[PDB]
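Colleague: If you scroll down you'll find the structure; I have some questions about it.
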Amino acid sequence: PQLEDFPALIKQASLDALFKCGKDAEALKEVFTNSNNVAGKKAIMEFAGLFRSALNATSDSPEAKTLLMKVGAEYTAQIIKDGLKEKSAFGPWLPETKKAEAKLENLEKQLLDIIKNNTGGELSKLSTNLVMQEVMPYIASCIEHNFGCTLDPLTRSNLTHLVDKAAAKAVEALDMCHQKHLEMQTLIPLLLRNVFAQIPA
C-alpha cells in the first residue's frame, strides 16, 4: 500500500510538513481547521502538496532546501497574518477551469526553461516578458470572472508593479540557487503562489 493511493492521507501528511516550516505548527493547524473559507483552505492544501514534492526533490541539495524552507516560512506567515476569515488573500488566484489550470502549468514550464538557459540581465528580460505576458493576464482573468468586470488601467498598473517586484525577487532567488534534478521545477510553483498571496484582500 502506498500513500499516494490515499488522497486524504497524503493531504494530511502534506499539511503537517508545510506547517512544520512555520513558526508555530499548532497555531497554523488551528487556523486551517477552524476556517470556513473553502477556496482558501484549498489553496493551502494545494501549496502543501507542492511543498511535499519539493521536499522530496530538494533532499540532496542544501541551498535549494534552504530556499524551500524560506518560501514555506513566508507562505505560512502570510496564513497566520491573514487568518483565513470569509475574506482572505488565499483562494482567489486558483484556476477555476481546466483551461486556466493549463495556462498556469505552461507559464511554470516556460519559467523553468528560461531559468535553466539564462542568467543575469538576460534572465531578467525574459522573465519580465513572462510576468507581463503570462502571469498578468492569468491574474486579470481571475479578477474578471468575479463580477464580469474588466480591469481598470490603474488597478492593472498597480497590480503589475506589485507582481513584477515580487516575481523579480523570486526569479533572482531561483537564479542564485541554480548557479549552486527537479529542484527548480518543484520550487517554481511554490514561489509563484507565494507571490499571488501578496495581492491584498
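The way I read the labels, and the way they are meant: chains A, B, ... in the order of the C-alpha cells, residue 1 as the first residue of every chain, and ligand 1 as the first ligand shown, with later ones counted on from there.
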Write out as CSV the residues of region 73-172 of chain A that have any atom within 7 Å of an atom of region 3-22 of chain A, one row each with the nearest atom pair and its distance in Å to one decimal, counting only C-alpha atoms, sorted by chain and then rising number.

Modeller:
```
residue,atom,partner,partner_atom,distance
A:73,CA,A:22,CA,4.9
A:76,CA,A:22,CA,5.5
A:77,CA,A:22,CA,6.7
```

Colleague: Pull the helix (DSSP H, G or I) assignments for region 5-182 of chain A out of DSSP run on the backbone, and list those residues as a tab-separated table (two decimals) with N, CA and C atoms, in the first residue's frame.

Modeller:
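Writing done, so here's selection36.tsv:
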```tsv
chain	number	residue	atom	x	y	z
A	5	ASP	N	-1.92	6.39	-3.07
A	5	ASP	CA	-3.28	5.81	-3.30
A	5	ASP	C	-4.40	6.28	-2.34
A	7	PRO	N	-5.54	9.87	-1.17
A	7	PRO	CA	-5.50	11.31	-1.19
A	7	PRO	C	-5.68	12.04	0.16
A	8	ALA	N	-6.61	11.62	1.00
A	8	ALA	CA	-6.81	12.29	2.30
A	8	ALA	C	-5.60	12.12	3.21
A	9	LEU	N	-4.97	10.95	3.15
A	9	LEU	CA	-3.74	10.72	3.92
A	9	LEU	C	-2.54	11.50	3.42
A	10	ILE	N	-2.32	11.54	2.12
A	10	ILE	CA	-1.22	12.36	1.64
A	10	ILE	C	-1.54	13.86	1.78
A	11	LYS	N	-2.79	14.29	1.63
A	11	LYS	CA	-3.13	15.69	2.07
A	11	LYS	C	-2.71	15.97	3.55
A	12	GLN	N	-3.02	15.04	4.45
A	12	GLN	CA	-2.70	15.24	5.88
A	12	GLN	C	-1.18	15.38	6.10
A	13	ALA	N	-0.44	14.47	5.48
A	13	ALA	CA	1.00	14.46	5.53
A	13	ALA	C	1.59	15.73	4.93
A	14	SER	N	1.01	16.21	3.83
A	14	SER	CA	1.45	17.47	3.24
A	14	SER	C	1.23	18.70	4.11
A	15	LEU	N	0.05	18.83	4.71
A	15	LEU	CA	-0.21	19.94	5.61
A	15	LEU	C	0.69	19.98	6.83
A	16	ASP	N	0.93	18.80	7.37
A	16	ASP	CA	1.82	18.63	8.52
A	16	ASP	C	3.22	19.12	8.18
A	17	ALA	N	3.77	18.61	7.08
A	17	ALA	CA	5.05	19.07	6.54
A	17	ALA	C	5.15	20.59	6.32
A	18	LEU	N	4.15	21.17	5.66
A	18	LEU	CA	4.13	22.64	5.43
A	18	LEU	C	4.14	23.38	6.76
A	19	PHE	N	3.27	22.98	7.70
A	19	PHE	CA	3.06	23.79	8.87
A	19	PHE	C	4.29	23.68	9.79
A	20	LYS	N	4.99	22.55	9.68
A	20	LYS	CA	6.29	22.37	10.31
A	20	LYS	C	7.32	23.42	9.85
A	25	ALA	N	3.37	25.37	14.32
A	25	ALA	CA	2.52	24.43	13.55
A	25	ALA	C	1.10	24.27	14.10
A	26	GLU	N	1.02	24.19	15.42
A	26	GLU	CA	-0.25	24.08	16.12
A	26	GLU	C	-1.17	25.26	15.81
A	27	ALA	N	-0.63	26.48	15.86
A	27	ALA	CA	-1.42	27.66	15.53
A	27	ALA	C	-1.93	27.62	14.09
A	28	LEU	N	-1.06	27.26	13.14
A	28	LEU	CA	-1.46	27.00	11.77
A	28	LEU	C	-2.54	25.94	11.64
A	29	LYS	N	-2.38	24.81	12.29
A	29	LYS	CA	-3.42	23.78	12.23
A	29	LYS	C	-4.73	24.33	12.80
A	30	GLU	N	-4.66	25.21	13.80
A	30	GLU	CA	-5.89	25.74	14.40
A	30	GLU	C	-6.63	26.65	13.41
A	31	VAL	N	-5.89	27.50	12.74
A	31	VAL	CA	-6.44	28.48	11.82
A	31	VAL	C	-7.04	27.79	10.59
A	32	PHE	N	-6.30	26.80	10.09
A	32	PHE	CA	-6.74	25.99	8.98
A	32	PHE	C	-7.99	25.24	9.36
A	33	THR	N	-7.97	24.49	10.46
A	33	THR	CA	-9.13	23.67	10.83
A	33	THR	C	-10.37	24.50	11.19
A	34	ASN	N	-10.17	25.62	11.88
A	34	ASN	CA	-11.29	26.50	12.24
A	34	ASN	C	-11.81	27.34	11.06
A	38	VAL	N	-13.54	27.83	2.05
A	38	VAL	CA	-13.26	26.63	1.25
A	38	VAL	C	-12.15	26.87	0.23
A	39	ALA	N	-12.21	27.98	-0.50
A	39	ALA	CA	-11.20	28.26	-1.54
A	39	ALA	C	-9.83	28.48	-0.90
A	40	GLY	N	-9.81	29.21	0.19
A	40	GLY	CA	-8.56	29.45	0.90
A	40	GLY	C	-7.92	28.18	1.43
A	41	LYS	N	-8.72	27.31	2.02
A	41	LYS	CA	-8.20	26.04	2.50
A	41	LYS	C	-7.70	25.20	1.37
A	42	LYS	N	-8.39	25.24	0.24
A	42	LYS	CA	-7.94	24.51	-0.94
A	42	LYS	C	-6.65	25.05	-1.54
A	43	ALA	N	-6.43	26.38	-1.51
A	43	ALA	CA	-5.13	26.96	-1.94
A	43	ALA	C	-4.01	26.47	-1.04
A	44	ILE	N	-4.27	26.46	0.25
A	44	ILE	CA	-3.25	25.96	1.18
A	44	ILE	C	-2.98	24.45	1.04
A	45	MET	N	-4.02	23.66	0.92
A	45	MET	CA	-3.84	22.25	0.62
A	45	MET	C	-2.99	22.02	-0.65
A	46	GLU	N	-3.27	22.79	-1.70
A	46	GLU	CA	-2.50	22.66	-2.96
A	46	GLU	C	-1.03	23.05	-2.77
A	47	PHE	N	-0.77	24.13	-2.05
A	47	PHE	CA	0.57	24.54	-1.80
A	47	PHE	C	1.27	23.45	-0.96
A	48	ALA	N	0.56	22.94	0.05
A	48	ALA	CA	1.11	21.89	0.90
A	48	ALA	C	1.56	20.66	0.12
A	49	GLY	N	0.75	20.21	-0.84
A	49	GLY	CA	1.16	19.09	-1.70
A	49	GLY	C	2.38	19.38	-2.55
A	50	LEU	N	2.43	20.58	-3.12
A	50	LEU	CA	3.58	21.02	-3.88
A	50	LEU	C	4.86	21.08	-2.99
A	51	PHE	N	4.67	21.46	-1.73
A	51	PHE	CA	5.74	21.65	-0.76
A	51	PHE	C	6.30	20.27	-0.44
A	52	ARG	N	5.41	19.30	-0.27
A	52	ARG	CA	5.83	17.91	-0.08
A	52	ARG	C	6.70	17.40	-1.23
A	53	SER	N	6.25	17.58	-2.48
A	53	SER	CA	7.03	17.26	-3.70
A	53	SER	C	8.41	17.93	-3.75
A	54	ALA	N	8.47	19.20	-3.36
A	54	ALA	CA	9.73	19.94	-3.29
A	54	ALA	C	10.64	19.44	-2.20
A	55	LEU	N	10.07	19.04	-1.07
A	55	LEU	CA	10.90	18.44	-0.01
A	55	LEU	C	11.63	17.21	-0.51
A	56	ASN	N	10.87	16.33	-1.12
A	56	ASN	CA	11.39	15.14	-1.73
A	56	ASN	C	12.40	15.47	-2.85
A	57	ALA	N	12.13	16.45	-3.70
A	57	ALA	CA	13.10	16.83	-4.74
A	57	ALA	C	14.36	17.58	-4.30
A	58	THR	N	14.35	18.20	-3.12
A	58	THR	CA	15.48	19.06	-2.68
A	58	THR	C	16.31	18.40	-1.58
A	62	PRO	N	21.40	21.14	-0.31
A	62	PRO	CA	21.33	22.11	0.80
A	62	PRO	C	20.72	23.50	0.49
A	63	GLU	N	21.18	24.16	-0.57
A	63	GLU	CA	20.75	25.53	-0.87
A	63	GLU	C	19.33	25.59	-1.39
A	64	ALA	N	18.92	24.57	-2.14
A	64	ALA	CA	17.55	24.51	-2.66
A	64	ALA	C	16.64	24.25	-1.50
A	65	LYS	N	17.07	23.40	-0.56
A	65	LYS	CA	16.29	23.11	0.64
A	65	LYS	C	16.15	24.37	1.53
A	66	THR	N	17.19	25.19	1.57
A	66	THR	CA	17.14	26.43	2.31
A	66	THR	C	16.12	27.37	1.70
A	67	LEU	N	16.14	27.51	0.38
A	67	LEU	CA	15.17	28.30	-0.29
A	67	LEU	C	13.75	27.79	-0.05
A	68	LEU	N	13.57	26.47	-0.13
A	68	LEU	CA	12.27	25.86	0.15
A	68	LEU	C	11.74	26.21	1.53
A	69	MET	N	12.60	26.11	2.53
A	69	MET	CA	12.16	26.41	3.89
A	69	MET	C	11.88	27.92	4.04
A	70	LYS	N	12.64	28.74	3.33
A	70	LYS	CA	12.34	30.16	3.22
A	70	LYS	C	10.92	30.47	2.61
A	71	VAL	N	10.52	29.84	1.51
A	71	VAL	CA	9.19	30.10	0.96
A	71	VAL	C	8.09	29.55	1.86
A	72	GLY	N	8.32	28.36	2.46
A	72	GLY	CA	7.38	27.75	3.38
A	72	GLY	C	7.16	28.68	4.57
A	73	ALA	N	8.26	29.24	5.11
A	73	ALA	CA	8.17	30.20	6.20
A	73	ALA	C	7.37	31.45	5.81
A	74	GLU	N	7.63	32.01	4.64
A	74	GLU	CA	6.80	33.13	4.13
A	74	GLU	C	5.32	32.83	3.92
A	75	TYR	N	5.00	31.68	3.38
A	75	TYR	CA	3.64	31.38	2.99
A	75	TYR	C	2.85	31.17	4.28
A	76	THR	N	3.41	30.41	5.22
A	76	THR	CA	2.75	30.12	6.47
A	76	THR	C	2.60	31.38	7.32
A	77	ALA	N	3.58	32.26	7.25
A	77	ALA	CA	3.48	33.56	7.92
A	77	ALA	C	2.30	34.32	7.37
A	78	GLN	N	2.12	34.30	6.05
A	78	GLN	CA	1.05	35.01	5.40
A	78	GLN	C	-0.27	34.37	5.83
A	79	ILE	N	-0.31	33.05	6.02
A	79	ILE	CA	-1.55	32.39	6.50
A	79	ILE	C	-1.97	32.90	7.90
A	80	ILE	N	-1.00	33.01	8.79
A	80	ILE	CA	-1.25	33.50	10.16
A	80	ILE	C	-1.71	34.95	10.19
A	81	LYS	N	-1.07	35.80	9.40
A	81	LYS	CA	-1.44	37.20	9.30
A	81	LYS	C	-2.81	37.40	8.67
A	82	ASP	N	-3.13	36.58	7.68
A	82	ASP	CA	-4.45	36.60	7.08
A	82	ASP	C	-5.59	36.09	8.01
A	98	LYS	N	-10.30	24.08	-16.37
A	98	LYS	CA	-9.17	23.29	-16.86
A	98	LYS	C	-8.26	24.09	-17.80
A	99	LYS	N	-8.84	25.06	-18.50
A	99	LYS	CA	-8.08	25.96	-19.37
A	99	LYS	C	-7.13	26.84	-18.57
A	100	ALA	N	-7.64	27.42	-17.50
A	100	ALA	CA	-6.81	28.27	-16.61
A	100	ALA	C	-5.74	27.43	-15.89
A	101	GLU	N	-6.08	26.20	-15.52
A	101	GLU	CA	-5.11	25.32	-14.89
A	101	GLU	C	-3.91	25.04	-15.85
A	102	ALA	N	-4.23	24.81	-17.11
A	102	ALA	CA	-3.28	24.61	-18.19
A	102	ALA	C	-2.38	25.85	-18.43
A	103	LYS	N	-2.96	27.05	-18.40
A	103	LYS	CA	-2.20	28.30	-18.54
A	103	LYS	C	-1.16	28.45	-17.42
A	104	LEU	N	-1.59	28.21	-16.18
A	104	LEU	CA	-0.68	28.23	-15.05
A	104	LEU	C	0.47	27.20	-15.19
A	105	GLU	N	0.15	25.96	-15.56
A	105	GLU	CA	1.14	24.94	-15.76
A	105	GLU	C	2.14	25.32	-16.84
A	106	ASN	N	1.63	25.85	-17.95
A	106	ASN	CA	2.51	26.29	-19.06
A	106	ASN	C	3.43	27.41	-18.74
A	107	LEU	N	2.96	28.46	-18.06
A	107	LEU	CA	3.84	29.52	-17.72
A	107	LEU	C	4.95	29.03	-16.70
A	108	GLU	N	4.61	28.07	-15.84
A	108	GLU	CA	5.59	27.45	-14.90
A	108	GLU	C	6.62	26.68	-15.70
A	109	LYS	N	6.18	25.94	-16.71
A	109	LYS	CA	7.13	25.31	-17.63
A	109	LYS	C	8.08	26.27	-18.33
A	110	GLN	N	7.54	27.34	-18.89
A	110	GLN	CA	8.33	28.33	-19.58
A	110	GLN	C	9.32	29.05	-18.67
A	111	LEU	N	8.88	29.31	-17.46
A	111	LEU	CA	9.78	29.91	-16.48
A	111	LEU	C	10.93	28.94	-16.14
A	112	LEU	N	10.68	27.64	-16.04
A	112	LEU	CA	11.75	26.70	-15.76
A	112	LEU	C	12.76	26.74	-16.89
A	113	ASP	N	12.27	26.73	-18.12
A	113	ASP	CA	13.14	26.70	-19.31
A	113	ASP	C	14.02	27.94	-19.37
A	114	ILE	N	13.40	29.07	-19.11
A	114	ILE	CA	14.11	30.31	-19.12
A	114	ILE	C	15.24	30.34	-18.05
A	115	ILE	N	14.93	29.91	-16.84
A	115	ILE	CA	15.94	29.89	-15.74
A	115	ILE	C	17.11	28.94	-16.08
A	116	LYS	N	16.75	27.76	-16.55
A	116	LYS	CA	17.73	26.80	-17.00
A	116	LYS	C	18.66	27.36	-18.04
A	117	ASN	N	18.17	28.17	-18.95
A	117	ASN	CA	19.02	28.56	-20.05
A	117	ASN	C	19.58	29.98	-20.00
A	120	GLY	N	21.37	36.34	-15.06
A	120	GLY	CA	21.70	37.74	-15.09
A	120	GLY	C	20.66	38.64	-15.72
A	121	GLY	N	21.15	39.66	-16.44
A	121	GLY	CA	20.31	40.62	-17.15
A	121	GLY	C	19.41	39.99	-18.20
A	122	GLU	N	19.87	38.93	-18.87
A	122	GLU	CA	19.04	38.26	-19.91
A	122	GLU	C	17.93	37.44	-19.34
A	123	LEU	N	18.20	36.79	-18.21
A	123	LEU	CA	17.13	36.16	-17.44
A	123	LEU	C	16.07	37.18	-16.98
A	124	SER	N	16.52	38.30	-16.43
A	124	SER	CA	15.63	39.37	-16.08
A	124	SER	C	14.69	39.89	-17.24
A	125	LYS	N	15.23	40.16	-18.40
A	125	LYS	CA	14.47	40.50	-19.60
A	125	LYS	C	13.40	39.46	-19.96
A	126	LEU	N	13.82	38.21	-20.06
A	126	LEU	CA	12.94	37.14	-20.47
A	126	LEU	C	11.89	36.82	-19.41
A	127	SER	N	12.29	36.79	-18.13
A	127	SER	CA	11.31	36.58	-17.03
A	127	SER	C	10.30	37.73	-16.93
A	128	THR	N	10.75	38.95	-17.16
A	128	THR	CA	9.84	40.08	-17.26
A	128	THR	C	8.78	39.96	-18.36
A	129	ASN	N	9.16	39.49	-19.55
A	129	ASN	CA	8.17	39.24	-20.58
A	129	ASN	C	7.14	38.20	-20.16
A	130	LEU	N	7.60	37.15	-19.50
A	130	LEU	CA	6.68	36.11	-18.94
A	130	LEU	C	5.74	36.66	-17.90
A	131	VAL	N	6.24	37.49	-16.99
A	131	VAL	CA	5.37	38.11	-15.96
A	131	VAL	C	4.27	38.95	-16.62
A	132	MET	N	4.67	39.80	-17.55
A	132	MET	CA	3.76	40.73	-18.21
A	132	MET	C	2.77	40.05	-19.15
A	133	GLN	N	3.24	39.04	-19.87
A	133	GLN	CA	2.52	38.42	-20.97
A	133	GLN	C	1.80	37.13	-20.58
A	134	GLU	N	2.18	36.54	-19.45
A	134	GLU	CA	1.57	35.29	-18.99
A	134	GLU	C	0.99	35.34	-17.58
A	135	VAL	N	1.76	35.82	-16.65
A	135	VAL	CA	1.32	35.96	-15.27
A	135	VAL	C	0.23	37.03	-15.14
A	136	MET	N	0.43	38.20	-15.72
A	136	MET	CA	-0.59	39.28	-15.51
A	136	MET	C	-1.93	38.95	-16.15
A	137	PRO	N	-1.93	38.40	-17.35
A	137	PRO	CA	-3.23	38.00	-17.89
A	137	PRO	C	-3.94	36.92	-17.10
A	138	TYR	N	-3.18	36.01	-16.50
A	138	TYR	CA	-3.79	34.99	-15.60
A	138	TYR	C	-4.48	35.64	-14.44
A	139	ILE	N	-3.78	36.56	-13.79
A	139	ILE	CA	-4.34	37.30	-12.66
A	139	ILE	C	-5.54	38.11	-13.07
A	140	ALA	N	-5.45	38.78	-14.22
A	140	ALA	CA	-6.55	39.61	-14.65
A	140	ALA	C	-7.78	38.77	-14.94
A	141	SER	N	-7.56	37.57	-15.50
A	141	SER	CA	-8.66	36.67	-15.75
A	141	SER	C	-9.38	36.24	-14.47
A	142	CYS	N	-8.63	36.06	-13.40
A	142	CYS	CA	-9.21	35.63	-12.14
A	142	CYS	C	-10.08	36.71	-11.62
A	143	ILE	N	-9.65	37.96	-11.73
A	143	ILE	CA	-10.46	39.08	-11.21
A	143	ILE	C	-11.72	39.25	-12.05
A	144	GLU	N	-11.55	39.20	-13.37
A	144	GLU	CA	-12.65	39.46	-14.30
A	144	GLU	C	-13.79	38.43	-14.23
A	145	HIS	N	-13.49	37.21	-13.84
A	145	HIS	CA	-14.51	36.20	-13.59
A	145	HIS	C	-15.41	36.52	-12.39
A	146	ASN	N	-15.00	37.43	-11.52
A	146	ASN	CA	-15.76	37.69	-10.33
A	146	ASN	C	-17.07	38.32	-10.54
A	147	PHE	N	-17.05	39.51	-11.11
A	147	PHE	CA	-18.27	40.22	-11.36
A	147	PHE	C	-18.36	40.52	-12.86
A	153	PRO	N	-7.35	50.63	-15.88
A	153	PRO	CA	-5.91	50.78	-16.06
A	153	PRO	C	-5.12	50.98	-14.73
A	154	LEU	N	-5.71	51.63	-13.76
A	154	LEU	CA	-5.00	51.90	-12.52
A	154	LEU	C	-4.79	50.62	-11.75
A	155	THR	N	-5.84	49.81	-11.58
A	155	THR	CA	-5.66	48.52	-10.91
A	155	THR	C	-4.60	47.73	-11.67
A	156	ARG	N	-4.64	47.73	-13.01
A	156	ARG	CA	-3.71	46.93	-13.78
A	156	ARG	C	-2.30	47.46	-13.54
A	157	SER	N	-2.18	48.77	-13.54
A	157	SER	CA	-0.88	49.36	-13.30
A	157	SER	C	-0.29	48.96	-11.95
A	158	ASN	N	-1.10	49.09	-10.90
A	158	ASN	CA	-0.61	48.84	-9.53
A	158	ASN	C	-0.40	47.38	-9.24
A	159	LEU	N	-1.26	46.50	-9.81
A	159	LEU	CA	-1.03	45.10	-9.71
A	159	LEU	C	0.24	44.68	-10.44
A	160	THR	N	0.46	45.23	-11.61
A	160	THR	CA	1.65	44.95	-12.37
A	160	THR	C	2.95	45.20	-11.58
A	161	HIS	N	3.05	46.40	-11.01
A	161	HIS	CA	4.20	46.76	-10.13
A	161	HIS	C	4.41	45.78	-8.98
A	162	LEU	N	3.35	45.46	-8.26
A	162	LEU	CA	3.41	44.53	-7.15
A	162	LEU	C	3.89	43.15	-7.59
A	163	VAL	N	3.31	42.62	-8.65
A	163	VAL	CA	3.63	41.30	-9.10
A	163	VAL	C	5.00	41.29	-9.72
A	164	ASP	N	5.34	42.30	-10.51
A	164	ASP	CA	6.65	42.28	-11.13
A	164	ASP	C	7.80	42.31	-10.07
A	165	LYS	N	7.63	43.13	-9.07
A	165	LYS	CA	8.63	43.32	-8.00
A	165	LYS	C	8.78	42.03	-7.22
A	166	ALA	N	7.66	41.41	-6.87
A	166	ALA	CA	7.66	40.13	-6.11
A	166	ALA	C	8.16	38.95	-6.98
A	167	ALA	N	7.74	38.90	-8.23
A	167	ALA	CA	8.26	37.90	-9.16
A	167	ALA	C	9.75	38.08	-9.43
A	168	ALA	N	10.26	39.30	-9.53
A	168	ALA	CA	11.71	39.52	-9.75
A	168	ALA	C	12.53	38.99	-8.56
A	169	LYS	N	12.05	39.19	-7.33
A	169	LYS	CA	12.77	38.64	-6.17
A	169	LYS	C	12.83	37.10	-6.27
A	170	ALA	N	11.73	36.49	-6.63
A	170	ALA	CA	11.69	35.03	-6.74
A	170	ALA	C	12.64	34.54	-7.82
A	171	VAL	N	12.66	35.22	-8.96
A	171	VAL	CA	13.49	34.80	-10.07
A	171	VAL	C	14.97	34.94	-9.70
A	172	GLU	N	15.34	36.06	-9.10
A	172	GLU	CA	16.72	36.26	-8.61
A	172	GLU	C	17.12	35.18	-7.59
A	173	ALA	N	16.21	34.82	-6.68
A	173	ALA	CA	16.42	33.72	-5.72
A	173	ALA	C	16.61	32.39	-6.44
A	174	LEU	N	15.80	32.09	-7.45
A	174	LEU	CA	15.98	30.84	-8.21
A	174	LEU	C	17.28	30.80	-9.00
A	175	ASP	N	17.65	31.95	-9.59
A	175	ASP	CA	18.93	32.11	-10.36
A	175	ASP	C	20.13	31.83	-9.50
A	176	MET	N	20.15	32.38	-8.29
A	176	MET	CA	21.29	32.14	-7.38
A	176	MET	C	21.34	30.66	-6.99
A	177	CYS	N	20.19	30.12	-6.62
A	177	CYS	CA	20.06	28.70	-6.32
A	177	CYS	C	20.57	27.84	-7.47
A	178	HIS	N	20.08	28.11	-8.67
A	178	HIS	CA	20.54	27.49	-9.92
A	178	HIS	C	22.07	27.47	-10.05
A	179	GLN	N	22.74	28.60	-9.85
A	179	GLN	CA	24.20	28.64	-10.03
A	179	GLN	C	24.93	27.60	-9.12
```

Colleague: With distances taken over only C-alpha atoms, which residue among A:189, A:118, A:83, A:95 lies nearest residue 201 (chain A)?

Modeller: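 Result for the nearest residue to residue 201 (chain A): A:83.
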
Colleague: Can you tell me how far CA of residue 84 (chain A) sits from CA of residue 190 (chain A), in Å to one decimal?

Modeller: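 Taking CA of residue 84 (chain A) and CA of residue 190 (chain A), their separation equals 18.8 Å.
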
Colleague: Would you mind reading off the distance between CA of residue 199 (chain A) and CA of residue 89 (chain A), one decimal, in Å?

Modeller: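 Answer for the CA of residue 199 (chain A) to CA of residue 89 (chain A) separation: 6.9 Å.
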
Colleague: Measuring between only C-alpha atoms, which one of A:148, A:93, A:36, A:119 shows the shortest distance to residue 192 (chain A)?

Modeller: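 Answer, going by the shortest atom-to-atom distance: A:93.
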
Colleague: Report the distance between CA of residue 90 (chain A) and CA of residue 182 (chain A) in Å, rounded to one decimal place.

Modeller: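 Atom-to-atom, CA of residue 90 (chain A) to CA of residue 182 (chain A), that is 26.1 Å.
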